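Let me begin by presenting the structure, written as C-alpha cells, before commenting on it.
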Amino acid sequence: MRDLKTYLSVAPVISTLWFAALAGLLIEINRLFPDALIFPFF
Amino acid sequence: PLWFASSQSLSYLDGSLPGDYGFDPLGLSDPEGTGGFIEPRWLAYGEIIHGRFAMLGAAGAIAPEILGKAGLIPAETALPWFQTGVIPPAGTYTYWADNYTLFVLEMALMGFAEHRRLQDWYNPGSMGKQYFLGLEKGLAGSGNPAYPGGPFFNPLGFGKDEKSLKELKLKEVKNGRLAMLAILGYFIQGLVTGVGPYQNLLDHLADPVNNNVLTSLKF
Amino acid sequence: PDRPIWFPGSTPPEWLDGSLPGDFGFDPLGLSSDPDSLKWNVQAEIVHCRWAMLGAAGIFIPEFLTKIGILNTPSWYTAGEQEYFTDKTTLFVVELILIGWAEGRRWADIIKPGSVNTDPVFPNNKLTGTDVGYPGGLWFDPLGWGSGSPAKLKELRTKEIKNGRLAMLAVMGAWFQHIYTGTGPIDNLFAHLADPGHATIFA
Amino acid sequence: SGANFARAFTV
Amino acid sequence: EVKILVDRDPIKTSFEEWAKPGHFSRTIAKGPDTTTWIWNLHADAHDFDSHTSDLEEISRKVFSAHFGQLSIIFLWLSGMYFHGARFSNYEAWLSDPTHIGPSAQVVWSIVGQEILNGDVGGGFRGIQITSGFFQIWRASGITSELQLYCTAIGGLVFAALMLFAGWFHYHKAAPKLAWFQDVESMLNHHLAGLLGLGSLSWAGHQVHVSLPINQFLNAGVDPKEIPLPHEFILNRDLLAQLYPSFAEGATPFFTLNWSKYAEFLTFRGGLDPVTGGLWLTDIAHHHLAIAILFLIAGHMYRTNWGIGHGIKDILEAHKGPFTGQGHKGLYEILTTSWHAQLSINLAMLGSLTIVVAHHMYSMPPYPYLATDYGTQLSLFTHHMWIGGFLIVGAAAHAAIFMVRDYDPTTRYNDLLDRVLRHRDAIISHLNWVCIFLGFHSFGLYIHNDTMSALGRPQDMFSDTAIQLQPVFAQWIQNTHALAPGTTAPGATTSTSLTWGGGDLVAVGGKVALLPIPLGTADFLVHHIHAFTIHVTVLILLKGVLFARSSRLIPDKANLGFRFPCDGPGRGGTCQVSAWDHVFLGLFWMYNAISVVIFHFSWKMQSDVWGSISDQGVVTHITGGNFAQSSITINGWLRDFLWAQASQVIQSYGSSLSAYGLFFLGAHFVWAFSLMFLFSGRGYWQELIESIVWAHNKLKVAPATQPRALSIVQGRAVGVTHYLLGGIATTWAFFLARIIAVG
Ligand code: CLA
Ligand code: CLA
Ligand code: CLA
Ligand SMILES: CC(/C=C/C=C(C)/C=C/[C@@]12O[C@]1(C)C[C@@H](O)CC2(C)C)=C\C=C\C=C(C)\C=C\C=C(C)\C=C\[C@@]12O[C@]1(C)C[C@@H](O)CC2(C)C
Ligand SMILES: CC(=C/C=C\C=C(C)\C=C\C=C(C)\C=C\[C@@]12O[C@]1(C)C[C@@H](O)CC2(C)C)/C=C/C=C(C)/C=C/[C@@]12O[C@]1(C)C[C@@H](O)CC2(C)C
Ligand code: SF4
C-alpha cells in the first residue's frame, strides 16, 4: 500500500488527475453559466 | 503390453501407474519443462476425475430411455438426453423450479464440494482441521489426492490388499476410458442423426445393413 | 493463531494476528498493510456497522408493521418526497450542524486518544472509556455493561461487529430489491415464501 | 435513430 | 526434440519496483541530477537488447509486449463495435444506403460545438464517418443491434483474456530459450493453423450465413423481415428453396462430383451490377481454395518426426550458378538476432499494405463501397501511409543489426561479406541512376512550363505537340481485355473493369467503374514515382551499408548507432550515424507518398468518378482536365491546389468547420517544426542560463537543473512535428473536399 501511494504520487499521474479535475470544474462552470463576455456581478 | 510406445515416452513411464501402457505420441507428460497445468501428477488426477464423471454421465444418459421403453417409468418422464432441457433449442421440459434457479443451486453445492477438494489437493491434511459440524474427521484423506479413502468414501472396506487394490485401480481407469469414448459417441451421434442412442441401437439391431453411418450419409 | 478463517486450509495474512474483535483473516487485496490504515479501517467499519444497523432496524420495523394493520407509515423509498412542516434544506442544515459537532469531537478523539474526555461547559462530568471507538461514560454506557473482563468484552464486540455486517448486507439488499423490482421488501419475502420455486430474481 | 441521438442530450 | 520447456515464477509481481523509476538501467536508476534524465527514461524504455544480454529475458519481454498489444487492439475493436451499436444510424442506412451518409459519433452540447452534429440523413444528426465499417457489417450479414452488442461484449472479454495471458506468461510460466528457437514448429502452426483454419472457417461462415442474408437483402426484402441466420442452419427447406443444391446435403462432396455445388461456388468474376462489388460466391470460392492451399503448404518442415524438410539443409545444400556456397551461416544469424527478423517482417508488411491498397481501390470487395468516394479515398491514403512508414522502419532495424549484432568471427556469411566488399560500386551506380531519372523527369515539366510562358504551345511534351505514350501499359491493357475470351475460358468477364474496353458500371446514378485511359501525363507521373522511390532507396541503402565503417571514419562501430557527430575536424562530420540517415530518408518517403496520393486523387476525380444521367452521358467532377493541365507545375498549383481548396476554407459556420480548424492547425505545427529543424543547442543553453539567473534571483530555482535538449532529440522533435503537420494538412484537405463534393 505504501508503494501504491508512492506510485500514485508520481508526477504524470498527479498531473493528469489535477488537470482532469480542473477541466471538469471549468466544464461545469461553463455549463451552468452558458456564455459571458463581461463581469456583471458588480 | 505397449501400445504405440515411443523412445521418448518409454523413458519416464516407469509403469508405476494404473493402466500405464506407454502410449504418448505427443509427449505431453514429459518430466522436464513442466509448469502451469502441464504436470504428470495433475494429468493423472484429471484423467481419473474425467473417467469417474464420464462413467456417471454415460450411465445416466442411457438409463431413462431403457426405463421408458421397458414400461417401468411414466412415458412423459422418459426423454432423450438432449430433450431434458439442457439444450433449449433442441427441446425443453418443465420441473418444480426454473432452470436457472436449479443452475444456481447446483453451482452452490458443487462449489462447496469442489473448493474443499481443491484445498485438499493444495494442502494434504489441512482440510480435516477446522470445525465443519463434526464431519472433518472423516475428510482427512489418505495422503494420495486421487484416492482419499476414509470412512465416507470407502465405507465398504474394499481394496485392503495391495494387489487387489492395483487390480481395482486398473479396472477403474479402463472403465473410465471406455465411458469417455461412449460419451463422445453420444455427442457425435446426437449431432448427426438427432435421435437418442438407444433408438440408434434398436434400429441397428433391426437391420444392420440398412442402418449404419453410411446410409445416413447416403451415397 | 489457530482461529477459524474465511477460507479453510489457506494461510491468513501476516498483519491480521487475530487480536482484533471479529477477525477471520479476510483481506485478499491487502488494503490494511500499514498500521494507520488498520486503525482507520477499524474505526470506519465500526461506525458503518452502527449506522447500517440503525438503518436496517428503522427500515424493516415500520414496513413489517405496515404489512399488518397496526400502523400506516409510508414506504421508506418515498419518505424523502412526502411533505413535512419545513423545507428539506433547513432540516438538512440543522442536522448538518448537530451531527458535525459530534463528528468533530469523535475525529479529535481519533487523532488524539485522550483529549476530549472532559465536559467543556461543566467540568465535573467525564467519560470513563479508555478505547477509541468505545466512548464509555454515563451518556453512552449507562448500564455499565461495557466494562468487564477482556474475554467477555471481545465476545461482545464480535457479536456487535457480526450484527453490523449482516445489517449492511440487509440494507444494500433492500435498496437493490426496491430499485430492481419496485415493491416493498416484505412483499417480496412473502411472494418468495409462497412460491420458492419460481419467485426468484430470475422470475 | 432518434433515440440514439437523444442518448447524448438526456441531461 | 520438440517439447515444451518453461520456468516457474521467474519474477514476482510486486509494487516495490513501481515506486522508483528507471529500474531497467543502472545509470537511470541512480537518480535525477538534470532534466536530461527524464528525457532518457522514455528513450530506452523498450530497448530490451541493452537492458541485459541474455536472450531468454529478451524473448520473454517480447512475448509479454505482444500480448499487451493484442489486448489493446481487441479493446479498440470492441469500442468501435459498441459505438456502431449504440450511437449510430445503421438500421436507417440498411434500408436506403445510397441516400444516407454513415455516422457513428455524436457530439455533446457543451459550448456551441453542437453545430458539429451535421444532418447526414435518415432522421439522425452526427459526424459522418469514413472508416467503411458499415459496408463491412452489411457484407458480414449483420442486420440488427443486438448482434453488435454481443460482438462488443465478446471483444471486451477477449481483451481481458489477452491481458491475463500476458501476465501469466511473464510472471508465472515463462517459456525457455529452446522453445523460442524452434522455428519449424512455429512455421508449421502459423501456416497450417493460423492461415488455413481461419480462412476455412470464414469460408464456412460466408457460405452458411452471409450468402443467404445478402441474397434476401439484394432481393429487395425489408431488413426487419429477413429470417435470423440460425433459422437457415436449423431449417433445410429455406436453404433448399434458396439453393436446390443444399437439398443433396454433403453427399456430393464426398462423391467427388463437385459440379452440383456450382450454384453458390462460381467463377464469373467482374462486378455485381446491383451493388458494384465482387460476387460473394467468388469470394467464398477463393477463401475455400486458399484454405486448401495453405493447409497443404503448412506441412513442409520436419518437426519431431521422420518426414518433412530441414531449413538448415535447404539453405546449405542450395548450389547455384551465381550464388555458389552462399547461404551457409544465415540460419544462425536469423535465429539469433531479433533485429534481422524485425527488418524482414517490416519490409514484407509494408509491401503487403501497399499492394492491399492498390488491389482494394482496383476491385471493390464490399457492397455499396465503390459509390462511396470518401471511404475509397480515406482507405487508399491511410493504407499507403502505413506501408511507407513500415518500409522506412525496416531499414533502420537492418542498420541496428549491422551495427550491434554483426561479428565475422563466430558467425560468418559469404554473401554478406561479398556485398560489403564492393559497396562503392553499388552506391555510385545508384547515385548515377537517381541523378539521370530526376534530371529527365523534372526537366520535362520545367521545359513544358518555359515553352508555355513564352507562347510556344507547339513545342511541349504534350498530347498534341510531342507525344510520349506508354505503349507497354497500353499493350498490357489490351491483352487483359482480350484475355477472358481466350486466355481465361473459365472466367466469364474481366478480372477488373480498370482494363481498357468493356462497359461502364454505375449504381444509383453514380459511376462505379470504367476503363482508365493512359496518356503522356501518366508516363510523366510514373517516371516521377520511380525517381522518388530510387532516391529514398539510395538514402536508406547508403545508411545501412556504411554503418559499420567508412573512409572518413574508420571506427564508426565503436561510437554506436546513435551518436550526433564526431567533431568539427575533418572539415565537419555532422550526421554520419545511420540514425541520421533514417531521419533524412523520412522526408523523402513523405515526399513520394504525397505525390502518389495527389496523383491518385486528381486522376480519380477527373476521369473515373462523376455522375450519370438517364440519357446516358457521364459528367465527371472536374471535367476531365487532368490530361491537358497536369503537364505543367502551374497546372498542378492552379487547377488542383487552388481550385480544390475552396471547400476547405469556405466551411466556416457549417458542419465541416472542424476540417478548416485542423487545416489551420496543421499549418501552424508545420511552421513550428522549422524552429527545431534549423537552429542549434548552444544558443538555447546560453539563453536558459540567463533565465535560470533570473529565477535564482527570487529563490525559486529547482533542484533538477534545466538543460537544453540534446542534438538527436532536437532532430527527432523536428522531424516528428514536420511529418505530423504535413499529414494533418493533407488529411483535412482531402476529407473536406471529398465529403463536400462527393
Ligand atoms: C531534362 C531534359 C530536357 C530535355 C530532354 C529537353 C528537350 C528539349 N528542349 Mg528543353 N529545357 C529543359 C529541359 C529539357 N529539355 C530545361 C531544364 C530548360 C530550362 C527552362 C529548357 C528550356 C528549353 C528552351 C529555352 C528550348 C528548349 C528546347 C528543347 C529541344 C532542344 C534540344 C536540343 O537541341 O539539344 C539536344 C542536344 C544534344 C547534344 C543531345 C545530347 C544527348 C544525347 C542524345 C545522348 C545520348 C547518349 C548515348 C545514347 C548514351 C550511351 C553511349 C553509347 C552508345 C556508347 C528539346 C526537344 C528548344 C526548342 O524550342 O525545341 C523545340 C528551346 O529553344 N528547352
Ligand atoms: C513493428 C513495430 C516496431 C517495433 C516493435 C520497433 C522496435 C524498436 N524500435 Mg523501431 N521503428 C519502426 C517499427 C518498430 N520498431 C518504424 C515503423 C520506424 C520508422 C519510424 C522505426 C524506427 C526506429 C528508430 C528511429 C529507432 C527505433 C528503435 C526501436 C527500439 C526502441 C523503442 C523506443 O525506445 O521507443 C520508446 C517510445 C517512444 C520514444 C515513443 C515516441 C513517441 C512517438 C514517436 C510519437 C508518435 C506521435 C503520435 C502518433 C501523435 C499523437 C499526438 C498526441 C500525443 C498529442 C525498439 C526495439 C530505437 C533504437 O534505438 O533501437 C534500439 C530508435 O532509435 N525504431
Ligand atoms: C510559426 C512557428 C514558430 C513559432 C510559433 C515560434 C515560437 C517562438 N519562437 Mg521560434 N523560430 C522559428 C519558428 C517559430 N518560432 C523559426 C523558423 C526560427 C528560425 C530558426 C526560429 C528561431 C527562434 C529564435 C532564435 C528565438 C525564437 C524564440 C521563440 C519564442 C518567442 C516568444 C514568443 O513568441 O512566445 C509566444 C509563445 C507561443 C506562441 C508558443 C506556443 C504555445 C503553445 C501553443 C501552448 C501549449 C498549448 C497546448 C495545450 C499544447 C499541448 C500539446 C499537446 C501535446 C498536449 C516562441 C517560443 C525566441 C525565444 O526563445 O524567446 C524566449 C528566440 O530566442 N525562435
Ligand atoms: C467427462 C465427459 C462427459 C461427461 C458427461 C456428463 C457428466 C453428462 C451428464 C448428462 O448426461 C446426463 C447424465 C444427463 C443429461 O440430461 C445431462 C448431461 C449433463 C448431458 C467426457 C469426456 C470425454 C473425453 C474424451 C473424449 C477425451 C479424449 C481424449 C483423447 C482421444 C486423447 C488422446 C491423446 O491424449 C492421448 C491419450 C495421448 C497423447 O499422446 C495423444 C492424444 C491423441 C492427444
Ligand atoms: C452504513 C450503511 C452501509 C450499507 C451497506 C454497506 C455495504 C454493502 C458494504 C460493503 C462492503 C464490502 C463488500 C467490502 C468488501 C471488501 O473490503 C472487504 C471487507 C475486504 C477487502 O479485502 C475485500 C473487499 C471486497 C474490498 C448503510 C446505512 C443506511 C442508513 C443509515 C439508512 C437510513 C434510512 O433507512 C432509514 C433508517 C430510513 C429511511 O426512510 C431513510 C434512509 C436514509 C434510507
Ligand atoms: S557539434 Fe554540432 S556543428 Fe559541431 S560537428 Fe557536432 S553536429 Fe556538427
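So you can find residues: chains in the C-alpha cells are A, B, ... in the order shown, residues in each start at 1, and ligands are numbered from 1 in order.
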request  = Using only C-alpha atoms and all ligand atoms, find each protein or nucleic acid residue lying at most 7 Å from ligand 5; present the set as a count of residues only.
outcome  = 22
Using 6 Å as the limit and counting only C-alpha atoms and all ligand atoms, can you tabulate each residue of chain E that touches ligand 6, with its shortest atom-to-atom distance in Å and the two atoms involved, as a tab-separated table?
residue	atom	partner	partner_atom_place_in_ligand_line	distance
E:564	CA	ligand 6	7 (S)	5.7
E:565	CA	ligand 6	6 (Fe)	4.6
E:567	CA	ligand 6	5 (S)	4.3
E:568	CA	ligand 6	5 (S)	4.4
E:572	CA	ligand 6	5 (S)	5.5
E:573	CA	ligand 6	5 (S)	5.3
E:574	CA	ligand 6	8 (Fe)	4.1
Exercise for the section: Write out as a PyMOL selection string all residues of chain A that backbone DSSP assigns to helix (DSSP H, G or I). Expected result: chain A and resi 2-8+11-32
Resulting file, chosen residues, N, CA and C atoms, as a PDB file, in the first residue's frame:
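The result, stored in part.pdb:
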ATOM      1  N   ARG A   2       2.014   1.172   0.674  1.00  0.00           N
ATOM      2  CA  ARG A   2       2.954   2.289   0.676  1.00  0.00           C
ATOM      3  C   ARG A   2       3.445   2.593  -0.732  1.00  0.00           C
ATOM      4  N   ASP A   3       3.844   1.555  -1.468  1.00  0.00           N
ATOM      5  CA  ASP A   3       4.375   1.767  -2.808  1.00  0.00           C
ATOM      6  C   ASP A   3       3.277   2.114  -3.804  1.00  0.00           C
ATOM      7  N   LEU A   4       2.051   1.638  -3.579  1.00  0.00           N
ATOM      8  CA  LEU A   4       0.936   2.073  -4.414  1.00  0.00           C
ATOM      9  C   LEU A   4       0.720   3.576  -4.289  1.00  0.00           C
ATOM     10  N   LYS A   5       0.695   4.082  -3.054  1.00  0.00           N
ATOM     11  CA  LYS A   5       0.557   5.518  -2.847  1.00  0.00           C
ATOM     12  C   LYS A   5       1.745   6.271  -3.428  1.00  0.00           C
ATOM     13  N   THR A   6       2.952   5.722  -3.270  1.00  0.00           N
ATOM     14  CA  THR A   6       4.133   6.371  -3.828  1.00  0.00           C
ATOM     15  C   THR A   6       4.030   6.494  -5.342  1.00  0.00           C
ATOM     16  N   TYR A   7       3.594   5.427  -6.016  1.00  0.00           N
ATOM     17  CA  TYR A   7       3.428   5.488  -7.465  1.00  0.00           C
ATOM     18  C   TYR A   7       2.336   6.474  -7.855  1.00  0.00           C
ATOM     19  N   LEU A   8       1.216   6.474  -7.129  1.00  0.00           N
ATOM     20  CA  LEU A   8       0.161   7.437  -7.420  1.00  0.00           C
ATOM     21  C   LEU A   8       0.570   8.869  -7.107  1.00  0.00           C
ATOM     22  N   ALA A  11       4.778  12.217 -10.771  1.00  0.00           N
ATOM     23  CA  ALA A  11       4.408  13.456 -11.454  1.00  0.00           C
ATOM     24  C   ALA A  11       3.337  13.274 -12.525  1.00  0.00           C
ATOM     25  N   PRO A  12       3.453  12.340 -13.482  1.00  0.00           N
ATOM     26  CA  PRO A  12       2.412  12.261 -14.525  1.00  0.00           C
ATOM     27  C   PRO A  12       1.024  11.951 -13.991  1.00  0.00           C
ATOM     28  N   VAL A  13       0.909  11.054 -13.011  1.00  0.00           N
ATOM     29  CA  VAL A  13      -0.408  10.662 -12.516  1.00  0.00           C
ATOM     30  C   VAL A  13      -1.054  11.808 -11.745  1.00  0.00           C
ATOM     31  N   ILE A  14      -0.290  12.450 -10.862  1.00  0.00           N
ATOM     32  CA  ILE A  14      -0.818  13.592 -10.123  1.00  0.00           C
ATOM     33  C   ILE A  14      -1.208  14.704 -11.087  1.00  0.00           C
ATOM     34  N   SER A  15      -0.374  14.942 -12.103  1.00  0.00           N
ATOM     35  CA  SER A  15      -0.673  15.978 -13.084  1.00  0.00           C
ATOM     36  C   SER A  15      -1.963  15.679 -13.834  1.00  0.00           C
ATOM     37  N   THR A  16      -2.157  14.428 -14.260  1.00  0.00           N
ATOM     38  CA  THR A  16      -3.353  14.123 -15.038  1.00  0.00           C
ATOM     39  C   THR A  16      -4.609  14.187 -14.174  1.00  0.00           C
ATOM     40  N   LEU A  17      -4.538  13.742 -12.914  1.00  0.00           N
ATOM     41  CA  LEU A  17      -5.701  13.888 -12.038  1.00  0.00           C
ATOM     42  C   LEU A  17      -6.027  15.357 -11.795  1.00  0.00           C
ATOM     43  N   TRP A  18      -5.003  16.174 -11.533  1.00  0.00           N
ATOM     44  CA  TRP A  18      -5.232  17.594 -11.289  1.00  0.00           C
ATOM     45  C   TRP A  18      -5.846  18.272 -12.506  1.00  0.00           C
ATOM     46  N   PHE A  19      -5.312  17.987 -13.695  1.00  0.00           N
ATOM     47  CA  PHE A  19      -5.828  18.618 -14.903  1.00  0.00           C
ATOM     48  C   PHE A  19      -7.233  18.127 -15.229  1.00  0.00           C
ATOM     49  N   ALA A  20      -7.520  16.845 -14.986  1.00  0.00           N
ATOM     50  CA  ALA A  20      -8.873  16.346 -15.200  1.00  0.00           C
ATOM     51  C   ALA A  20      -9.865  17.029 -14.270  1.00  0.00           C
ATOM     52  N   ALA A  21      -9.501  17.189 -12.994  1.00  0.00           N
ATOM     53  CA  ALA A  21     -10.390  17.871 -12.057  1.00  0.00           C
ATOM     54  C   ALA A  21     -10.610  19.324 -12.461  1.00  0.00           C
ATOM     55  N   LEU A  22      -9.540  20.014 -12.863  1.00  0.00           N
ATOM     56  CA  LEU A  22      -9.675  21.403 -13.291  1.00  0.00           C
ATOM     57  C   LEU A  22     -10.547  21.521 -14.536  1.00  0.00           C
ATOM     58  N   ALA A  23     -10.359  20.618 -15.502  1.00  0.00           N
ATOM     59  CA  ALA A  23     -11.169  20.644 -16.713  1.00  0.00           C
ATOM     60  C   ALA A  23     -12.630  20.364 -16.400  1.00  0.00           C
ATOM     61  N   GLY A  24     -12.893  19.437 -15.478  1.00  0.00           N
ATOM     62  CA  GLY A  24     -14.264  19.195 -15.063  1.00  0.00           C
ATOM     63  C   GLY A  24     -14.895  20.411 -14.414  1.00  0.00           C
ATOM     64  N   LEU A  25     -14.141  21.101 -13.556  1.00  0.00           N
ATOM     65  CA  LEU A  25     -14.663  22.309 -12.921  1.00  0.00           C
ATOM     66  C   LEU A  25     -14.973  23.384 -13.957  1.00  0.00           C
ATOM     67  N   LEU A  26     -14.056  23.597 -14.905  1.00  0.00           N
ATOM     68  CA  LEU A  26     -14.286  24.595 -15.946  1.00  0.00           C
ATOM     69  C   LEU A  26     -15.485  24.226 -16.811  1.00  0.00           C
ATOM     70  N   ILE A  27     -15.615  22.943 -17.154  1.00  0.00           N
ATOM     71  CA  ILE A  27     -16.734  22.481 -17.970  1.00  0.00           C
ATOM     72  C   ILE A  27     -18.054  22.711 -17.248  1.00  0.00           C
ATOM     73  N   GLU A  28     -18.106  22.367 -15.961  1.00  0.00           N
ATOM     74  CA  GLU A  28     -19.341  22.543 -15.207  1.00  0.00           C
ATOM     75  C   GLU A  28     -19.688  24.017 -15.048  1.00  0.00           C
ATOM     76  N   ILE A  29     -18.683  24.868 -14.832  1.00  0.00           N
ATOM     77  CA  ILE A  29     -18.947  26.301 -14.739  1.00  0.00           C
ATOM     78  C   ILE A  29     -19.499  26.825 -16.059  1.00  0.00           C
ATOM     79  N   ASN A  30     -18.900  26.412 -17.179  1.00  0.00           N
ATOM     80  CA  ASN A  30     -19.376  26.875 -18.478  1.00  0.00           C
ATOM     81  C   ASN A  30     -20.765  26.343 -18.798  1.00  0.00           C
ATOM     82  N   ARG A  31     -21.120  25.166 -18.278  1.00  0.00           N
ATOM     83  CA  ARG A  31     -22.471  24.657 -18.496  1.00  0.00           C
ATOM     84  C   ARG A  31     -23.488  25.402 -17.642  1.00  0.00           C
ATOM     85  N   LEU A  32     -23.148  25.677 -16.381  1.00  0.00           N
ATOM     86  CA  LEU A  32     -24.073  26.393 -15.508  1.00  0.00           C
ATOM     87  C   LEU A  32     -24.286  27.825 -15.982  1.00  0.00           C
TER      88      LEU A  32
END
Given 6 Å and only C-alpha atoms and all ligand atoms, residues near ligand 2 as an mmCIF file with N, CA, C and O atoms, in the first residue's frame:
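The result, written out as out.cif:
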data_model
loop_
_atom_site.group_PDB
_atom_site.id
_atom_site.type_symbol
_atom_site.label_atom_id
_atom_site.label_comp_id
_atom_site.auth_asym_id
_atom_site.auth_seq_id
_atom_site.Cartn_x
_atom_site.Cartn_y
_atom_site.Cartn_z
ATOM 1 N N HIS E 42 12.320 7.724 -21.141
ATOM 2 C CA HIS E 42 11.418 7.271 -22.190
ATOM 3 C C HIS E 42 12.146 6.779 -23.430
ATOM 4 O O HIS E 42 11.559 6.028 -24.216
ATOM 5 N N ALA E 43 13.402 7.182 -23.627
ATOM 6 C CA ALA E 43 14.115 6.809 -24.842
ATOM 7 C C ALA E 43 14.561 5.353 -24.827
ATOM 8 O O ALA E 43 14.645 4.725 -25.888
ATOM 9 N N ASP E 44 14.855 4.804 -23.649
ATOM 10 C CA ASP E 44 15.335 3.435 -23.516
ATOM 11 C C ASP E 44 14.312 2.524 -22.848
ATOM 12 O O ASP E 44 14.681 1.482 -22.300
ATOM 13 N N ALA E 45 13.033 2.901 -22.875
ATOM 14 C CA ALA E 45 12.014 2.101 -22.205
ATOM 15 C C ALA E 45 11.861 0.729 -22.851
ATOM 16 O O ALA E 45 11.719 -0.279 -22.150
ATOM 17 N N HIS E 46 11.886 0.667 -24.182
ATOM 18 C CA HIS E 46 11.686 -0.581 -24.908
ATOM 19 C C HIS E 46 12.964 -1.089 -25.563
ATOM 20 O O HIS E 46 12.900 -1.906 -26.485
ATOM 21 N N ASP E 47 14.123 -0.620 -25.111
ATOM 22 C CA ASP E 47 15.401 -1.119 -25.614
ATOM 23 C C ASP E 47 15.799 -2.358 -24.812
ATOM 24 O O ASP E 47 16.721 -2.352 -23.996
ATOM 25 N N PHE E 389 5.540 3.970 -43.989
ATOM 26 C CA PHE E 389 6.201 4.034 -42.688
ATOM 27 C C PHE E 389 6.876 2.710 -42.341
ATOM 28 O O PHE E 389 8.018 2.693 -41.856
ATOM 29 N N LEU E 390 6.190 1.589 -42.582
ATOM 30 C CA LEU E 390 6.787 0.295 -42.258
ATOM 31 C C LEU E 390 8.033 0.028 -43.098
ATOM 32 O O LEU E 390 9.061 -0.446 -42.582
ATOM 33 N N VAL E 392 10.034 2.171 -44.345
ATOM 34 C CA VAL E 392 11.121 3.005 -43.835
ATOM 35 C C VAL E 392 11.732 2.392 -42.578
ATOM 36 O O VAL E 392 12.958 2.348 -42.428
ATOM 37 N N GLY E 393 10.892 1.906 -41.659
ATOM 38 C CA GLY E 393 11.414 1.342 -40.418
ATOM 39 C C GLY E 393 12.269 0.104 -40.618
ATOM 40 O O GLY E 393 13.176 -0.178 -39.813
ATOM 41 N N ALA E 396 15.951 1.042 -40.815
ATOM 42 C CA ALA E 396 16.523 1.410 -39.525
ATOM 43 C C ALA E 396 16.871 0.175 -38.710
ATOM 44 O O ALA E 396 17.946 0.103 -38.099
#
Which residues are near ligand 3 - at most 7 Å, using only C-alpha atoms and all ligand atoms? Format: as a PDB file with C-alpha atoms, in the first residue's frame.
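Wrote it out as out.pdb, contents follow:
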ATOM      1  CA  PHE E 668       0.847  26.039 -37.518  1.00  0.00           C
ATOM      2  CA  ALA E 671       5.736  26.111 -39.324  1.00  0.00           C
ATOM      3  CA  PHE E 672       6.625  25.244 -35.716  1.00  0.00           C
ATOM      4  CA  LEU E 674      11.313  24.519 -38.560  1.00  0.00           C
ATOM      5  CA  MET E 675      12.255  26.091 -35.219  1.00  0.00           C
ATOM      6  CA  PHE E 678      17.017  24.961 -38.289  1.00  0.00           C
ATOM      7  CA  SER E 679      18.674  26.043 -35.024  1.00  0.00           C
TER       8      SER E 679
END
Kindly work out which residues sit at most 12 Å from ligand 1, using only C-alpha atoms and all ligand atoms, and give the list as a ChimeraX atom specification.
/E:435-462,465-468
For ligand 4, return the neighbouring residues as a list in words (distance at most 6 Å; only C-alpha atoms and all ligand atoms).
residues 24, 25, 26, 27, 50, 53, 54, 57, 60, 61, 81, 84, 180, 181, 183 and 184 of chain B
Could you save those same residues with C-alpha atoms as a CSV table (one decimal), in the first residue's frame?
chain,number,residue,atom,x,y,z
B,24,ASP,CA,2.1,-40.9,-25.5
B,25,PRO,CA,2.9,-40.0,-29.2
B,26,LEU,CA,2.8,-36.2,-28.5
B,27,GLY,CA,4.9,-36.4,-25.3
B,50,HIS,CA,-12.8,-37.4,-16.1
B,53,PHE,CA,-17.6,-38.2,-14.3
B,54,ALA,CA,-17.9,-39.9,-17.7
B,57,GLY,CA,-22.9,-39.5,-17.2
B,60,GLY,CA,-27.4,-41.6,-16.5
B,61,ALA,CA,-27.8,-40.6,-20.2
B,81,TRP,CA,-30.7,-36.9,-23.1
B,84,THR,CA,-34.4,-32.8,-20.9
B,180,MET,CA,-15.3,-41.2,-22.1
B,181,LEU,CA,-15.4,-42.8,-25.5
B,183,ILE,CA,-19.9,-40.0,-24.2
B,184,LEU,CA,-18.0,-38.8,-27.2
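From atom CA of residue E:250 back to atom CA of residue E:192, the distance works out to 23.9 Å.
Between atom CA of residue E:30 and atom CA of residue E:705 the interatomic distance comes to 16.2 Å.
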Margin query: Just want the 9 Å neighbourhood of stretch 108-119 of chain C, counted on only C-alpha atoms, with same-chain residues fewer than 6 positions away dropped. Output as a ChimeraX atom specification.
Written below: /C:40,43,125-133,135
Shell of 12 Å around residue C:199, only C-alpha atoms, local chain residues under 3 positions omitted, as a short mmCIF file (atom, residue, chain, number, x, y, z; two decimals) with C-alpha atoms, in the first residue's frame:
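Generated output (around_17.cif):
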data_model
loop_
_atom_site.label_atom_id
_atom_site.label_comp_id
_atom_site.auth_asym_id
_atom_site.auth_seq_id
_atom_site.Cartn_x
_atom_site.Cartn_y
_atom_site.Cartn_z
CA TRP B 96 -40.53 -27.89 -9.93
CA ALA B 97 -38.46 -24.71 -10.42
CA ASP B 98 -36.98 -22.60 -13.19
CA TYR B 100 -31.66 -21.00 -13.80
CA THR B 101 -32.67 -21.46 -10.15
CA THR C 181 -38.40 -4.98 -8.57
CA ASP C 187 -43.98 -8.19 -0.16
CA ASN C 188 -41.01 -9.77 -1.95
CA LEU C 189 -40.33 -12.00 1.05
CA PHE C 190 -43.94 -13.22 1.15
CA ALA C 191 -44.00 -13.77 -2.61
CA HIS C 192 -40.81 -15.83 -2.40
CA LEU C 193 -42.06 -17.84 0.58
CA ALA C 194 -45.35 -18.64 -1.17
CA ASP C 195 -43.61 -19.97 -4.31
CA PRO C 196 -39.94 -20.71 -3.52
CA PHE C 202 -34.86 -14.58 -12.40
CA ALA C 203 -38.68 -14.55 -12.19
#
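Among the candidates E:600, E:264, E:561, E:475, the residue lying nearest to residue E:522 is E:600 (atoms considered: only C-alpha atoms).
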>> I'd like the neighbourhood of residue B:169 as JSON, numbers by chain, where a residue qualifies if any of its atoms comes within 12 Å (using only C-alpha atoms), though same-chain residues fewer than 6 positions away should be ignored.
In response: {"B": [16, 17, 18, 19, 20, 48, 51, 52, 146, 147, 158, 159, 162, 163, 175, 176]}
Residues of chain B within 7 Å of chain E, only C-alpha atoms counted, as a PyMOL selection string = chain B and resi 32-36+217-219
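Using only C-alpha atoms, the part of chain E that sits within 7 Å of chain A is made up of residues 15, 16, 18, 19 and 110 of chain E.
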#### Entry: All residues 8 Å or closer to stretch 34-40 of chain E, only C-alpha atoms, same chain fewer than 5 positions away omitted, as a list in words
residues 28, 704, 705, 706, 707 and 709 of chain E
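Using only C-alpha atoms, the residues found no farther than 12 Å from residue C:71, other than those of its own chain fewer than 5 positions away, are residues 61, 62, 63, 64, 65 and 66 of chain C.
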